[PDB]
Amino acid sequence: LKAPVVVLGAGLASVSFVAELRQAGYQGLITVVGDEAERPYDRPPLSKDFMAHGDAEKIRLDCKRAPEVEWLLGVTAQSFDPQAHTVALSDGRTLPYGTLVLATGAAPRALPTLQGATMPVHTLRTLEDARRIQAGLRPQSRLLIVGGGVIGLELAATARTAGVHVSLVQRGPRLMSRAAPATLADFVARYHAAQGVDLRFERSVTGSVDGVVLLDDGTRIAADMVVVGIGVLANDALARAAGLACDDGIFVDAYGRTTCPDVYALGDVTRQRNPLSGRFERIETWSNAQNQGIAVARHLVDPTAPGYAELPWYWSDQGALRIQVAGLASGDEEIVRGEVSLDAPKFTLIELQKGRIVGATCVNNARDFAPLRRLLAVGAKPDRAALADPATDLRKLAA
């Protein structure tokens, strides 16, 4: 850890990082460069409570645990010179660094077919996005969402609840293709359909003409607004130009090291090792953003601390469903605790691979999720009849 410390990006990863630095004992300079002119804020309300109530001061990140940090807000880092150890800012200034940390997150993928569209076409990543979307969402408006991921589905539920007609187009055969078990996805589809979401599977957007959307089946949807949610791309441009190893994401080891000396990276912008699959992936979860930021910071202050080791997990609030997914989506067996019914949805999925717990889903069942993550974390091999038996208490099982 060489002073001063410069962090590029001011999302949850960056805030968690600089906070931990200060908690761990680092008392030298920290400068954070954030391109949004916004007091650092959390993103998940943007599809739920913020979209509904509109209060941005309810979603700001607590910077309290990060004292003596200069936050250059509304400034874009344009390049860095890894030899000179400087960063070049959009306002003409230059920042020196001993240690440069890239926490630049990711930006929504654009839809090429709507590239020159004549109707409102938004993505949903920022406070600015949310406000703009929120403002074309009168009740009884007609909203099209492209993409069946968690963002689209969260928005869908939040919009239906308002009284918006929602139609969702998904090019695959199922929702939540990224890290959701099939069972969960079938159910999730079934829930939103029962809420009045018009689902289109196996469909692609081919273009648009005057407030109407064209699909690859020759059909048509008329929309008052279109929200695209087909995934994100890492903001790694700076890394690519300075010569770091990248492929839609900056490669880092478990200490957050890039291939460039004195340059680290964390959060959504990173491709890292998934300890379960063994493969490198861009883990774009909230918990990763925070937990990886902390791990990397902790190891910079105390090199004897371990590298980042957390198994991946996330939640997703979609209307009445509080969904929690941990680990892998499938193994060689799935055990279902409880019943899968739209009538009072509450159930638990456990995914097993040669007897070891490798994944878990809790829908409306937080009580079960935490002990499953503990059992998942130490690759436990419990009796499957006990795992299936409703009488079993999972919290107890975990000791």
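Numbering starts at 1 and follows the sequence shown.
Of the two stretches examined, 294-302 and 182-190, the record assigns the greater average C-alpha temperature factor to 182-190. For the pair 334-342 and 38-46, the record assigns the higher mean C-alpha temperature factor to 334-342. Looking only at 86, 158, 324, 177, the residue with the top Cα B factor in the deposited structure is 177. Per the PDB record, 201 has a higher Cα B-factor than any other of 71, 80, 201, 255. Residue-level temperature factors show residue 132 in the middle third of its chain, judged at the C-alpha atom.
Among the modelled residues of its chain, residue 365 has a C-alpha B-factor that falls in the middle third, as given in the PDB entry. Per-chain ranking of the deposited C-alpha B factor places residue 92 in the lowest third.
In the PDB entry, a CA B factor belonging to the middle third of its chain's modelled residues is recorded for residue 281. Ranked by C-alpha B-factor against the other modelled residues of its chain, residue 165 falls in the highest third.
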